[PDB]
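Below: the structure, in structure tokens.
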Amino acid sequence: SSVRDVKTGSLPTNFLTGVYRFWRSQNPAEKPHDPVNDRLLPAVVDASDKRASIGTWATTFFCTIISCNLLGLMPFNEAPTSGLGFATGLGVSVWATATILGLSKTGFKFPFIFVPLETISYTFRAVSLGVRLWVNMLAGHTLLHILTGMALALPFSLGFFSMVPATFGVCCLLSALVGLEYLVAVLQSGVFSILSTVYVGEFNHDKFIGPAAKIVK
Amino acid sequence: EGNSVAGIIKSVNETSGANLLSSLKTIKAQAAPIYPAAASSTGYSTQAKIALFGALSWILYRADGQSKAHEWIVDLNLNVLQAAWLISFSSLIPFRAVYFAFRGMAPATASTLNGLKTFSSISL
Amino acid sequence: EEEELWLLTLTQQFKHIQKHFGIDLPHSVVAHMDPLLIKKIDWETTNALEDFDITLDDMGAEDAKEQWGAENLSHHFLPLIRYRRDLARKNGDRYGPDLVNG
Amino acid sequence: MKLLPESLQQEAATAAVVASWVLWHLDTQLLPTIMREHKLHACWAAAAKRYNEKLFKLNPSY
Amino acid sequence: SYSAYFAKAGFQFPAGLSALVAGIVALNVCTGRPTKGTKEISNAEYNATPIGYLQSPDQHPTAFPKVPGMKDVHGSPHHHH
Amino acid sequence: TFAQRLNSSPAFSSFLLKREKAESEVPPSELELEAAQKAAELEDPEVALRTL
Amino acid sequence: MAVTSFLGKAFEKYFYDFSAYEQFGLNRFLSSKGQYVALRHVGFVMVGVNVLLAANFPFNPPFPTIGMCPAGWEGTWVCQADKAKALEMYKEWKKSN
Amino acid sequence: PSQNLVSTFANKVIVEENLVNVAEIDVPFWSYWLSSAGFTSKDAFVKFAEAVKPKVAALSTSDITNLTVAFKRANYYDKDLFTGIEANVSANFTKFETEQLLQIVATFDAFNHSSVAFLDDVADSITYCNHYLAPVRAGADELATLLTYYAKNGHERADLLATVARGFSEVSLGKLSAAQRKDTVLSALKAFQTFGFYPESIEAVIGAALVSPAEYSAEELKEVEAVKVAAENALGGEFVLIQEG
Amino acid sequence: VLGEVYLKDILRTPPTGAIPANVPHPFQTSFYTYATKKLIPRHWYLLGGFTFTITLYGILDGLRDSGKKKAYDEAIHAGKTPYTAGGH
Ligand SMILES: [Zn+2]
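Chains as they are written, first to last, in the numbering used here: chain H, 21 to 237; chain S, 390 to 513; chain E, 2 to 103; chain X, 1449 to 1510; chain R, 41 to 121; chain C, 324 to 375; chain G, 5 to 101; chain Y, 3 to 247; chain W, 164 to 251.
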């Protein structure tokens, strides 16, 4: 009932301001023909009422996936997005959000032999949006399990703290794959939300209402 | 709590001319804003103990099931590989350059406030 | 000293925001000092226009961006034009800017 | 390895609970705080030329 | 100035984290199925069986196994091969 | 100055910024230093009256 | 101590000015500090690998060895590639040892 | 005797005299939701209007909005209550949202009740204390009610009229049925010529009648084109309907 | 003069007694205001997409157990054990 007090200019407030303004920047509003004044202001407010909140949705999916992907790089923790139902469940849910948005631009009726081939390539982006997040979080972590099993075979067989130039070259290769996994954790949360603005932004187009009567000169 | 300019105006009006210039530092301090003083510490809040015991209850539970995972020595040596980058990030990230880089992501902190330019609001 | 309370409340309040904004000012002190600016900012978040200044920047509306900022601080002049209207009503006249042709 | 989960609907619903909490937390807790301090700065930077000129025309001190 | 006001309130969780943790726990306990490695039996079997025979060896792996596949319990020796 | 007000903010008492200085990123300008020093003289309102 | 206040002051002086890149000299051998941290990193892994193995050494490895054996074992339960075989051999070895 | 005991319980415990005895605690909650269920009951709204009069001076803004639109639907005009309501609005005008003030004015426009201090504190609140795009979220049948209430009472406030005329567009009039759009366009042009204020968005309320003139009569279109010529020289130009092409 | 009844609840100075409580947004106050003004008018496409996935993955969980029940019955009506006898 009593909300907490926020310092202005906090670092999480500055990061999320720049993050939100980035994903809002991906589907910008289109400039009308008329100058924007008090005549055109309800047409601009109604143009914003009919646009999807892709600025909010894409930073929902940025912040929920970069938090899940970076959990896999914390010790004692696995990424939730290395699960098949989690990662592909976010990809189908973006694709269904784009489709529900594109189906409502009409009256919820679904759109010769061409259109089964536009549909297939369109229905596969349900699969590809989530599987790309799942495979990247699985295939990077699986290779790290294999190469740290093979790196453990050397000090198990040889001495502890002995014949160290053999294990050093594979402990730096293991260390450089965890570092690549930090890059893939941030990139795949970016590629998921860049592509969510592209897919949802395809149906983010309505008619500008505008002035139907004008006193010229 | 009425406003402090009307407290300045009232408290300057009811002083004599002889003690005007002596009173001006106690009228200045009566209308200064409150900056609350550094209280007693009483550290680690009731929710900061849930956060630290709950993270220790999570780390012990995840290390418990990692140790019987059929690749337990491979799992437990991955926490060494993952915590090595948490150590190598405290020693390589420029934390003052990162603080001022996030500070420029927000337009509220990328510039100074801009209104009210002091020649428009004089009272002569 | 007739309207010195309003002109010096504007001066002292902005000088305290500017000294502390983006450094250590709490959000509670902003909403204390400027309650109707926070009220109008919260209207945009409630009514799904939280990116309205980004929308006017997308469509290049630089004069509607200046009107958006000016109409959100337009209550700063309300203690003056409620005072000057109660002067002119007490002196039998009409307030000037209230009228269309005046 | 582990590829399919024990329940796909339980993992899909964990994703929908986590992402709808982040949607609620952003819209309700974060973005009101973002916009309270973004738009104090933005309204002051957009009005500053017309605020000061309106105030110059109003105060009679000159 | 104002720095000592923000040190007074300490750590605090995000403002609705109790609904996230109650929502993730309610998905992990209201599964509507037995608890991953167990099977529902009748009460006549549950009251008749020792707790050493109710356990399976697969569900109790050894905490730091010297051989991969070591289990802590052995369960019912009455096998149906 | 601005960097001198940042140094006493809660951000620079945090652990990763505790040995840092805000002047190391963008130093205060020559006018910003001379106007913080001029504003120190005028925090005495008697000195501000006799100057004016 | 105050359990909150002492360790923060203790860890801070360990974190900030306690540097074994200078308290142990060590600029004589390494060029930068940017590659002292890239060897303390790999050094943390090799020490952490060698501690986790040695803290329980007589174990049959889950990971594939490449046909190599640790010490004078070579035919025992520690080197057995079949895991149901080595469980029977470990249970014989355990009552003797 | 099961039917006898229930019928005896029904004639002495569940009546409307005890329905108004539990409704004495919070009045504007129970006043608002009952009247939305069709409970007009003018003798019961007398009982409401006295148990709330020691409370109107300390009500929240959503309570005052709940009182007035309940006492509008119940059509019961309690004049010494309704001056306590306008003394809540005039004392707390900064806290009232213009979504709430457009429902309070439409009650005060039904029962022709106005102060001059109330007409300024509603116009000061819509213009200065509220967001300038909040007329755009209003719906033009409520804004036209506010325009006549300032023209009935002869209150010329040119700052309020520039604010309310923002909310008239093709968007806000298009959400109206053509019966309700007709009762609004004639009601908004009659107020815009009473003050002689012809904003640039009067061409959306004039143009709402000139695309579909077949629901308007001859003297109503004589009332429309009186305003159209009065606005063309004021805006310094010539009216032209746009057809989209 | 202009005398503080005109500045009331419009312009306040920085506080001198104590720092007040933060003013809540209407969404932080009640979930019902968030749900009816923003969650359902603006984000129902996203809630519809989360609903589609949970129902679709309940189809695929229903297909997977009807395929488990199919292969189970064709081992007990074939005189075989339906799994690999545990392993241990
Ligand atoms: Zn792992």
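Every residue gets a Cβ at the ideal spot worked out from N, C-alpha and C, and that includes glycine.
Host beta strand (DSSP E) of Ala233 (chain H) (start-end): For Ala233 (chain H), the enclosing beta strand (DSSP E) begins and ends at 233-236.
Going along chain G in order, which residues have a C-beta closer than 9 angstroms to the C-beta of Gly454 (chain S)? Those do not exist, as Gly454 (chain S) stays about 15 angstroms from chain G at its closest Cβ, beyond 9 angstroms.
Is any heavy atom of ligand 1 found at a distance shorter than 7 angstroms from the C-beta of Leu197 (chain H)? no
So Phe478 (chain S) is in the beta strand (DSSP E); what residue range does that whole segment cover? No beta strand (DSSP E) holds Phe478 (chain S); the alpha helix (DSSP H) holding it covers 467-479.
Report the three-state DSSP secondary structure of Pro185 (chain H) (helix, strand or coil). helix
Any C-beta of chain S under 8 angstroms from that of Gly169 (chain H): yes
Interface partners of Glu16 (chain G) on chain C, CB under 8 angstroms: Those are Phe338, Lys341, listed as they occur along chain C.
Can you say whether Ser29 (chain E) is buried or exposed, counting buried as having 16 or more other CB atoms within 10 angstroms of its CB? By the neighbour-count rule (16 or more Cβ atoms within 10 Å), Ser29 (chain E) is buried.
Determine, for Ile42 (chain E), whether the minimum Cβ-Cβ distance to residues of chain X falls below 8 angstroms. yes
How would you list, in chain order, the residues of chain Y whose beta-carbon sits under 8 angstroms from the beta-carbon of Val101 (chain E)? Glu158, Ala160, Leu163, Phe197, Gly198, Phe199
Between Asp52 (chain E) and chain C, is the shortest Cβ-Cβ distance under 8 angstroms, so that the two count as touching? no
Please report the Cβ distance between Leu194 (chain H) and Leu153 (chain H), rounded to the nearest whole angstrom; I am assuming they are in contact, meaning their Cβ atoms lie under 8 angstroms. That belief does not hold up - the Cβ atoms of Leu194 (chain H) and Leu153 (chain H) are roughly 24 angstroms apart, past 8 angstroms.
Contact list for the segment 399-415 of chain S against chain C, Cβ threshold 8 angstroms: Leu410, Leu413, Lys414
With respect to 7 angstroms, is the separation between the Cβ of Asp464 (chain S) and the closest non-hydrogen atom of ligand 1 below this value? Result yes, Cβ under 7 angstroms from ligand 1.
Assigned secondary structure, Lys99 (chain G) (DSSP; H/G/I helix, E/B strand, else coil): helix
Mind the definition here: the segment 86-103 of chain E touches the segment 139-152 of chain Y only if three or more C-beta pairs lie below 8 angstroms; say whether that holds. Judged by Cβ distances under 8 angstroms, the segment 86-103 of chain E makes no contact with the segment 139-152 of chain Y, as fewer than three pairs qualify.
Taking buried to mean at least 16 other C-beta atoms within 10 Å of its own C-beta, is residue 1515 (chain X) buried or exposed? There is simply no residue 1515 (chain X) to check, as chain X begins at 1449 and stops at 1510 in what is shown.
Answer yes or no: the CB of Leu1471 (chain X) versus the heavy atoms of ligand 1, is any distance below 7 angstroms? no
What's the C-alpha gap between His114 (chain R) and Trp461 (chain S)? 21 angstroms
Which bits of chain H does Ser29 (chain E) rub up against, with CB to CB less than 7 angstroms? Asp25
With 16 other Cβ atoms within 10 Å as the buried cut-off, status of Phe241 (chain Y): By the beta-carbon neighbour count (other beta carbons within 10 angstroms, threshold 16), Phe241 (chain Y) is buried.
Can you give me the C-alpha to C-alpha distance between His76 (chain E) and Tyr130 (chain Y), rounded to a whole angstrom? Computed Cα separation, rounded: 5 angstroms.
Between which two residues does the alpha helix (DSSP H) containing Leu21 (chain Y) stretch? Its alpha helix (DSSP H) spans residues 18-21.
Run through chain C and tell me which residues come within less than 7 angstroms of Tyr20 (chain G), C-beta to C-beta. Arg342
CB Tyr424 (chain S) to CB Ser41 (chain R), shorter than 8 angstroms? yes
Contacts that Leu31 (chain H) makes with chain C (C-beta to C-beta distance below 8 angstroms): For the C-beta of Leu31 (chain H), the chain C residues within less than 8 angstroms are, from N- to C-terminus, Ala334.
Do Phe113 (chain Y) and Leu163 (chain Y) have their C-beta atoms closer together than 8 angstroms? no
Quick check on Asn90 (chain Y): buried or exposed, where buried means 16 or more other Cβ atoms within 10 Å of its Cβ? buried
Could you check what DSSP says for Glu63 (chain E) in three-state terms: helix, strand or coil? helix
For my contact list, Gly109 (chain H) and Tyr220 (chain W) are in at a C-beta cut-off of 8 angstroms; report their separation, rounded to the angstrom. 6 angstroms
Any contact between the segment 177-194 of chain Y and the segment 150-160 of chain Y? By contact I mean 3 or more CB pairs, one from each, below 8 angstroms. Contact between the segment 177-194 of chain Y and the segment 150-160 of chain Y is present, because at least three Cβ pairs lie under 8 angstroms.
Would you call the CB atoms of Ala90 (chain G) and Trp81 (chain G) closer than 8 angstroms? Going by C-beta atoms, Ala90 (chain G) is nearer than 8 angstroms to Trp81 (chain G).
So does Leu502 (chain S) have its beta carbon nearer than 7 angstroms to some heavy atom of ligand 1? Not under cutoff, so the answer is no.
Within chain R, partners of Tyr94 (chain G) - CB distance below 7 angstroms: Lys106, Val107
Buried or exposed for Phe120 (chain Y), going by 16 or more other Cβ atoms inside 10 Å? buried
Return the CA-CA distance between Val155 (chain H) and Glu222 (chain H), expressed in angstroms with no decimal places. 26 angstroms
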